[PDB]
Amino acid sequence: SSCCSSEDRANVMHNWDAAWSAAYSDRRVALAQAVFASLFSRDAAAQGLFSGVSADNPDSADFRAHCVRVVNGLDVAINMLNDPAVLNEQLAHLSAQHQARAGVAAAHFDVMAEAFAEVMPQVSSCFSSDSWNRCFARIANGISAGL
Amino acid sequence: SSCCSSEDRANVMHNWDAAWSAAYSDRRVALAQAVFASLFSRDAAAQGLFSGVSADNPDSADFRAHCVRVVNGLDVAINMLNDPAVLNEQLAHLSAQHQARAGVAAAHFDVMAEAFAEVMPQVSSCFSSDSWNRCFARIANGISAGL
Amino acid sequence: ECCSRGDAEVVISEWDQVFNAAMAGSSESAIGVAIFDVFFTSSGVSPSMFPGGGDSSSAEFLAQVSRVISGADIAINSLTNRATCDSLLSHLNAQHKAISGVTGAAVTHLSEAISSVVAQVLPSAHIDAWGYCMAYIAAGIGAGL
Amino acid sequence: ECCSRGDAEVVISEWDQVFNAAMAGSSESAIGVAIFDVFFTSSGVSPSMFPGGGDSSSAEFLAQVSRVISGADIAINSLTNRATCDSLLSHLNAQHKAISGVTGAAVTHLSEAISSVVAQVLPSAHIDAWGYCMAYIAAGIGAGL
Amino acid sequence: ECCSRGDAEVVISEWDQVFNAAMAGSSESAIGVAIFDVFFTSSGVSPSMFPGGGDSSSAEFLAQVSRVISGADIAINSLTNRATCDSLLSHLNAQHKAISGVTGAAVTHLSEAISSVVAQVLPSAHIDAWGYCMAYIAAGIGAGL
Amino acid sequence: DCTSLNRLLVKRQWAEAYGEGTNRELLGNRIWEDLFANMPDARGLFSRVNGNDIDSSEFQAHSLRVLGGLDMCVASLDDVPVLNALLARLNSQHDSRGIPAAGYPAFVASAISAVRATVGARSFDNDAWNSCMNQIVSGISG
Amino acid sequence: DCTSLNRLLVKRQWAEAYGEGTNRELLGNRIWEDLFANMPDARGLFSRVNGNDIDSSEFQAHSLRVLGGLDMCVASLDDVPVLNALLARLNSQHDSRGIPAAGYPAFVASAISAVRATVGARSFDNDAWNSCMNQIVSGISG
Amino acid sequence: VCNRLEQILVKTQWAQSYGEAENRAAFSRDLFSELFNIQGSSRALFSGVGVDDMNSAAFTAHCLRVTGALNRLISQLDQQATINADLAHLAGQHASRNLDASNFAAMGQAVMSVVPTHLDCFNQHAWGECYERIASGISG
Amino acid sequence: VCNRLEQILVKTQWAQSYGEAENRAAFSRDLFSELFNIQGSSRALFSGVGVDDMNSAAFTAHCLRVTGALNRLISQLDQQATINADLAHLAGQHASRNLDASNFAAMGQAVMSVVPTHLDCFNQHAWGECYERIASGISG
Amino acid sequence: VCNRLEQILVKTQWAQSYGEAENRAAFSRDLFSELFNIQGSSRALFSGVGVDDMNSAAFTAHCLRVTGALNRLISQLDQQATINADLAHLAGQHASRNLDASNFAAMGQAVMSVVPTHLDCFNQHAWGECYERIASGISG
Ligand code: HEM
Ligand code: HEM
Ligand code: HEM
Ligand code: HEM
Ligand code: HEM
Ligand code: HEM
Ligand code: HEM
Ligand code: HEM
Ligand code: HEM
Ligand code: HEM
Ligand SMILES: [Cl-]
Ligand SMILES: [Cl-]
Ligand SMILES: [Mg+2]
Ligand SMILES: [Mg+2]
């Protein structure tokens with residue numbers, strides 16, 4: 017399990033910041049929509065877990081709001097990479113929230129990671145794949161702990 | 017009607033600041049006294065409008081206080097030249113005050129402008145006449161609006 | 017001068033502050049529709065004379081709004097090169113001469129709507145420099161109208 | 017030393033802070049009259065020995081106050097060039113030798129009035145450096161008195 | 017352009033090299049008389065049309081030479097501000113319009129005499145920039161002649 | 017009203033105040049310090065996240081979640097259906113926490129002051145910020 | 017008493033705090049923010065000049081007029097007859113505006129704190145500033 | 017053509033090149049200089065805008081109109097109905113010019129040659145797709 | 017008036033001020049700004065050279081003509097017959113202007129107010145004498 | 017002589033020259049250097065203050081006394097009764113020196129030659145008037 021280094025965190029925070037639309041939700045929705053389309057293609061059963069947010073219509077306001085929440089949650093975590101004490105509390109918070117959702121399992125996080133790995137090079141310039149992979153693992157593993 | 021430009025405002029604020037006595041009222045009184053002496057020479061009837069401030073004795077405390085108020089009012093306006101939104105409220109305020117004085121007319125402001133144009137080169141070093149003329153107009157026209 | 021090099025720099029800087037890295041590319045439509053709303057009120061010009069009849073729900077009018085904000089952008093950004101700006105304005109003038117019912121007064125109203133909306137989204141705006149420079153723009157677009 | 021180069025620089029800087037661009041040229045009379053008020057109280061010297069009898073309403077005394085503040089200014093500003101300062105002080109010494117009833121103790125009282133008034137208008141004043149440097153000034157003016 | 021900003025800077029620099037701190041104020045007459053000698057040869061214009069009849073021993077002609085070199089100096093030094101230069105040239109144009117027998121061709125010959133004498137005293141002179149910029153000067157002075 | 021031009025101003029100023037990740041903590045601290053000074057009894061609502069030590073990791077993570085919540089809403093101000101779905105969820109997250117209604121106007125005041133302090137008073141528009149913040153808290157609070 | 021030496025100190029420190037035109041607004045804002053925090057009901061007296069939005073053009077012009085008024089008085093501290101004529105006019109400008117007497121000591125405290133913040137605490141003299149400000153407000157307030 | 021993710025790359029990279037250019041007139045003239053150098057026969061199409069002197073006010077104004085149009089289009093890539101209308105308008109403006117596919121291809125090469133020299137990162141494919149979206153709309 | 021040694025001081029000090037000025041147009045406009053500020057009534061004399069806008073091409077051109085004339089005169093202070101002829105020419109150019117002694121005095125004050133602010137060293141008397149030489153020649 | 021407005025110019029310009037001088041002793045010595053260079057016969061008047069060596073402590077002290085006096089006078093130009101008294105005092109101090117009008121004229125030239133080289137802006141007339149005010153008071 018390769019470590020998400022200080023250098024990796026710098027790379028990831030740079031890629032993430034450079035691609036961010038700070039005043040409008042449309043870009044983060046598009047990013048997340050692509051991630052979910054990939055996730056659901058890879059694991060058709062996973063879509064049922066999202067019935068509470070209208071996953072059956074990914075263009076719905078309900079699902080688009082979920083997309084905003086997910087990208088927000090990841091944005092907050094990424095921005096905490098240089099303060100891991102705080103990161104740990106955030107990931108523990110997210111973990112509790114996912115524990116509360118019946119059927120969400122650690123294996124799903126591996127599929128989610130594949131989905132981000134596919135989508136990020138399509139939205140980020142000079143995207144650093146190795147640093148992303150290691151630091152996404154750092155974050156995802158924290159959320160998936162206990163499930 | 018030639019515009020009081022950003023460059024003009026810089027020139028005027030510089031001339032004004034360089035000649036200002038920041039801690040004592042004597043210099044601003046002398047400046048204003050010279051302006052009023054010029055105004056009253058040019059327009060003898062105008063002096064009657066100032067009967068409420070002892071214009072008949074320009075060396076009186078009453079008239080010297082008026083001089084302080086006038087130079088203050090112009091100092092505040094000049095210092096607002098780089099914030100015209102705020103300038104507009106100040107000139108509207110001054111306009112209302114002059115509207116409240118029976119007999120004060122727009123023509124008087126032209127005579128006042130002549131008086132300042134005569135006096136400023138006698139108190140200001142490297143005085144920029146064109147910039148002063150344009151920016152004094154900007155201020156005076158705002159006060160004389162509606163009369 | 018009227019719209020001096022210094023005035024032009026202030027106006028360009030303030031337009032750039034409105035359309036900064038966060039806002040550029042995402043806010044043009046909202047800024048543009050607001051400019052048109054102020055323009056219609058001040059000028060009394062019929063929305064029906066515009067593509068899509070001035071309806072903000074119509075793609076034809078939204079495309080018109082995109083063109084107008086972009087045209088304003090191009091003119092504003094060229095304010096420090098007066099010869100180039102004069103040419104841009106002459107081109108816009110020709111385009112409006114070909115359109116029935118564009119008046120000099122109405123061109124003035126639209127230019128002042130740009131300034132007023134800018135001051136609404138950017139409270140610190142130098143309203144004098146905007147007035148002088150938008151008047152120069154209006155004079156060029158509205159020439160002979 | 018007593019009134020070192022460093023002490024002298026502090027004193028000069030603080031005198032300049034009191035008589036800065038806003039205050040220089042307009043505040044000398046008020047500073048001077050206050051110095052004389054403190055001096056008369058501490059020294060017991062008769063106001064009648066001065067031009068205009070120490071009356072602050074008299075132009076003759078106001079002119080005396082102007083001379084004294086200026087003399088102090090010249091000495092203070094020369095504190096970092098000791099040879100020049102010594103000469104200024106010797107000239108002042110000759111002037112006071114020609115005046116009946118100037119004592120060494122009284123010269124000390126006036127020098128300390130300068131320091132005390134400075135500290136009143138400038139709360140942050142380095143009272144030690146003022147003491148050392150005004151003592152050097154008093155020693156020179158008051159020599160043989 | 018013809019006589020670009022860059023060309024103008026070269027010409028101004030080279031004129032300044034000729035009339036540098038050692039030479040300025042002492043060499044104008046000699047430079048000027050030489051310019052006139054080349055001009056008279058190339059243009060066929062009569063010396064008699066000039067003050068003092070073109071006689072270099074005559075104070076009236078020497079004063080004319082002083083005026084011409086100074087006029088050239090003023091125009092050359094304003095080459096980087098085209099609007100100001102155009103005005104200087106229009107003034108000179110009016111002055112020559114009032115003089116019988118000044119032709120466009122002759123104005124060209126005098127401008128080229130300036131360039132040629134400059135190249136004689138300054139071997140490194142940029143003869144192309146001098147040609148372009150002196151042609152701009154000649155066009156202005158010689159307008160309508 | 018939180019008008020179209022208000023939303024444009026609030027979006028731009030929020031992006032300035034929050035757009036760079038470092039000093040997100042500085043913005044949050046400005047809010048909580050002010051809120052707890054004005055409404056000390058509010059501190060107790062945050063016991064689970066260590067509200068006595070706002071500098072603690074637990075509180076700092078909470079603070080950054082709050083700012084992220086605000087970011088979601090500001091980013092979505094132009095899309096009312098999405099905004100309403102975001103506020104619906106925030107409402108669920110605040111109900112039955114014993115939060116007094118007075119806590120919301122207090123937070124709005126603290127947040128506006130914090131943004132104002134960050135972006136500078138000369139560019140600020142209190143009317144725009146109040147109107148838009150009030151739209152947000154109306155969706156969250158009972 | 018506002019003594020001759022007090023007046024010298026207040027003049028010099030005022031000129032430092034107010035003498036450069038930029039940051040006149042910063043000095044004013046320090047006063048109003050403090051005053052309205054300590055005396056919230058005072059904000060209502062300024063309704064005509066948009067006291068709810070101290071950053072508004074209307075309020076900022078008012079703020080700068082107030083500072084100009086103070087400048088006139090400080091500049092004239094050495095000339096009591098002129099000072100009295102200035103205060104007489106200021107008195108007319110404040111009468112029948114429903115201003116409570118308590119508003120004046122509050123403003124004096126806010127103004128002194130603002131100047132102190134601007135010029136630095138080490139050079140400051142609270143006694144001088146209180147004495148001289150009290151002379152001023154005594155002429156303005158009923 | 018020109019999907020929602022490709023649009024993110026192109027918007028971001030246009031912002032970092034055109035959006036950050038210190039001399040917008042020079043950037044815009046460079047586009048046309050590259051166009052003429054790629055396809056010499058294109059230059060004559062611009063005889064109505066002072067092209068004989070590329071530093072002229074007239075030609076510079078044309079260049080600025082073009083990059084301003086590229087900017088306004090890129091801003092609307094995600095608003096299908098709006099950009100379609102705007103592209104139709106531009107198509108009307110180019111209809112009488114009797115342009116051909118080689119002309120649009122050369123302009124694409126010019127855009128994609130100038131833009132990356134202003135960037136640390138450039139995505140060729142996304143730019144090709146979104147340039148195609150614009151070109152097809154204008155060719156009509 | 018204006019002896020051979022005085023000429024040395026004036027030539028040297030003109031070289032160090034006018035001669036070294038980075039902005040000759042600004043130097044020349046400053047001369048006239050000081051003139052008008054010294055004697056307000058002089059300004060109207062210049063109504064034929066665009067004086068209403070001192071930054072105009074027309075007025076700047078006038079100012080440059082004047083300092084250029086000062087330069088060419090200063091260069092010839094030592095050549096009596098030549099400068100006398102040149103001064104007579106200028107006298108002809110000013111004859112119809114109905115100038116008076118106060119006008120020449122004000123111009124002398126302007127020259128002697130501008131020049132020393134560009135110098136480390138200035139000799140008032142030499143400048144007064146050589147200005148008088150020029151003024152007397154032009155007044156005619 | 018030396019009106020209230022002229023006083024403003026002179027006070028401001030003295031503040032910007034003397035008031036801002038980094039080396040007050042050098043400024044003051046320069047005044048006397050210019051005086052002696054203007055009127056060589058004036059130098060011998062200063063034989064009691066070590067004038068043979070202008071860099072001496074004795075001569076420098078004299079120079080500082082003089083510019084300090086100029087400073088204290090300029091500060092009181094607006095206080096007629098006070099400056100009149102101070103000028104009378106100085107007149108008493110100069111009475112035994114048998115000075116003449118040429119000496120006061122030369123000092124005026126020295127003052128007005130040194131001061132403007134320390135300034136961006138200088139008003140010759142105001143300085144002449146206020147120097148005359150001082151000189152007349154001291155000449156007695
Ligand atoms: C690093 C990756 C992830 C992040 C940052 C993330 C973040 C979030 C956030 C912020 C919420 C909203 C929580 C709430 O309001 O209760 C959420 C909800 C949810 N997440 Fe994730 N998540 C991640 C991965 C996953 C994975 C891999 C799955 C499983 C397939 C998953 C399943 C869910 C479900 C079912 C919900 C509830 C949706 C609803 O509101 O009905 N998440 N997630
Ligand atoms: C830019 C130029 C001017 C400025 C800045 C100015 C400023 C002022 C100010 C600050 C006041 C005191 C207001 C109050 O306390 O009510 C005042 C009063 C007055 N002004 Fe002006 N003023 C200007 C021009 C004029 C002109 C041209 C006239 C007409 C001749 C005029 C006539 C008066 C009168 C009659 C008063 C009332 C005096 C009194 O208190 O009895 N002002 N002005
Ligand atoms: C500062 C003022 C104005 C600016 C910057 C401006 C700008 C523009 C621009 C850039 C275009 C697109 C031209 C093209 O590509 O064909 C346009 C078109 C148009 N403008 Fe204006 N305009 C202004 C004022 C006005 C006014 C006052 C009116 C109405 C009275 C008006 C009516 C129109 C119409 C009808 C079109 C044509 C729409 C079409 O059918 O294609 N404009 N304007
Ligand atoms: C630090 C201490 C002192 C300083 C700096 C000082 C400075 C001066 C100066 C500069 C003068 C003007 C000299 C001139 O131009 O003729 C003067 C005069 C005078 N001083 Fe002092 N002095 C000091 C102490 C004293 C003391 C202690 C006394 C009294 C006991 C005194 C009594 C006088 C008198 C009577 C005059 C002459 C006034 C006249 O008739 O012209 N001084 N002093
Ligand atoms: C580049 C070309 C030239 C320059 C820079 C030039 C410049 C001047 C100047 C500065 C003056 C003085 C004007 C005044 O103050 O009245 C002058 C006068 C004169 N120029 Fe030229 N000139 C040029 C060409 C010519 C040519 C080609 C001729 C003859 C065919 C000519 C004939 C004269 C004459 C006769 C006068 C008038 C002398 C008098 O009676 O006062 N100039 N020129
Ligand atoms: C615009 C205003 C506000 C926003 C955007 C906001 C946002 C949030 C967010 C995102 C969370 C975390 C939700 C979760 O994942 O469980 C939260 C939790 C919380 N908020 Fe707010 N909030 C706002 C105002 C307030 C106010 C005014 C109060 C009370 C005075 C308050 C009290 C709380 C409490 C007590 C929690 C739970 C802390 C815990 O985890 O134990 N919030 N808020
Ligand atoms: C030293 C203290 C003060 C000074 C120098 C001062 C000065 C001023 C000045 C110059 C004006 C504008 C007058 C005009 O042109 O109409 C003004 C207006 C006003 N002042 Fe004061 N003021 C002081 C204290 C206060 C205090 C303590 C209060 C109340 C708590 C107050 C309340 C007002 C109000 C309500 C206005 C009118 C606002 C309006 O235009 O509607 N002032 N003051
Ligand atoms: C695909 C990207 C293109 C964009 C965004 C674009 C944009 C524009 C714009 C905005 C105008 C000015 C319209 C007006 O206001 O009248 C214009 C004119 C023109 N364009 Fe394009 N254009 C593109 C491609 C091309 C190509 C590939 C060519 C030919 C090689 C071309 C040739 C012309 C010509 C000849 C004009 C008319 C110039 C004139 O007025 O004489 N354009 N274009
Ligand atoms: C003593 C130094 C002076 C010099 C070297 C000088 C030089 C000149 C020169 C070179 C011209 C342009 C001649 C031409 O080419 O037509 C001129 C024009 C003129 N000068 Fe002077 N001048 C001096 C003093 C004055 C004074 C003291 C005044 C009046 C206050 C004055 C008023 C004028 C006027 C009115 C013109 C005509 C402007 C026009 O063309 O309308 N000059 N001067
Ligand atoms: C008008 C401006 C002048 C001022 C402000 C001035 C000021 C002074 C002062 C302050 C002293 C020292 C008095 C003392 O403490 O004993 C002094 C001394 C003297 N001054 Fe002047 N002075 C002026 C002009 C002149 C002129 C024009 C001359 C002659 C060219 C002159 C010749 C002297 C001499 C000879 C002494 C005596 C030196 C000694 O002690 O041997 N002063 N002056
Ligand atoms: Cl996007
Ligand atoms: Cl004064
Ligand atoms: Mg911590
Ligand atoms: Mg504001």
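Residue numbers (UniProt numbering), protein chains in the order written: chain A, 17 to 163; chain B, 17 to 163; chain C, 17 to 161; chain D, 17 to 161; chain E, 17 to 161; chain F, 17 to 158; chain G, 17 to 158; chain H, 17 to 156; chain I, 17 to 156; chain J, 17 to 156.
Beta carbons are placed, not taken as given, at the ideal position from N, Cα and C, and that holds for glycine.
{"Query": "Exposure label - G/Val96; buried when at least 16 CB within 10 Å", "Result": "exposed"}
{"Query": "Any alpha helix (DSSP H) of 4 or more consecutive residues that is wholly inside the UniProt domain \"Globin\" (19 to 163) of chain A", "Result": "22 to 35, 42 to 58, 77 to 95, 100 to 115, 122 to 135 and 145 to 160"}
{"Query": "Three or more C-beta pairs below 8 angstroms linking the segment 139 to 159 of chain E and the segment 19 to 34 of chain E", "Result": "yes"}
{"Query": "Option nearest I/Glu50 by Cα separation, candidates B/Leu163, B/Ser140 and B/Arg150", "Result": "B/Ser140"}
{"Query": "Within 8 angstroms, strictly: CB atoms of A/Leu103 and A/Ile159", "Result": "no"}
{"Query": "Nearest-angstrom beta carbon gap, G/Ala31 and B/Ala38 [assumed within contact, 8 angstroms]", "Result": "4 angstroms"}
{"Query": "Residues within the UniProt domain \"Globin\" (17 to 156) of chain J neighbouring chain L, beta-carbon criterion of under 7 angstroms", "Result": "As a matter of chain content, chain L is missing from the structure shown, whose protein chains are A, B, C, D, E, F, G, H, I and J."}
{"Query": "Beta carbon proximity, B/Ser37 to chain C, threshold 8 angstroms", "Result": "no"}
{"Query": "Supposed close pair C/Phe55, C/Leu138 - CB separation, criterion 8 angstroms", "Result": "Going by Cβ atoms, the distance from C/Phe55 to C/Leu138 rounds to 18 angstroms, so no, they are not a contact pair."}
{"Query": "Within chain I, the residues that B/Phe143 reaches when beta carbons sit closer than 8 angstroms", "Result": "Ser49 and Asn53"}
{"Query": "Below-8 angstroms beta-carbon distance, A/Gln138 vs any chain H residue", "Result": "yes"}
{"Query": "Endpoints, the alpha helix (DSSP H) within which H/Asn100 is located", "Result": "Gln96 to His110"}
{"Query": "I/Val67 versus B/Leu97: straight-line alpha-carbon distance, rounded", "Result": "26 angstroms"}
{"Query": "C/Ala88: CB within 7 angstroms of a non-hydrogen atom of ligand 3", "Result": "yes"}
{"Query": "Contact with chain A by F/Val98, beta-carbon distance below 8 angstroms", "Result": "yes"}
{"Query": "Alpha-carbon spacing of D/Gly60 relative to I/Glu145, whole angstroms", "Result": "59 angstroms"}
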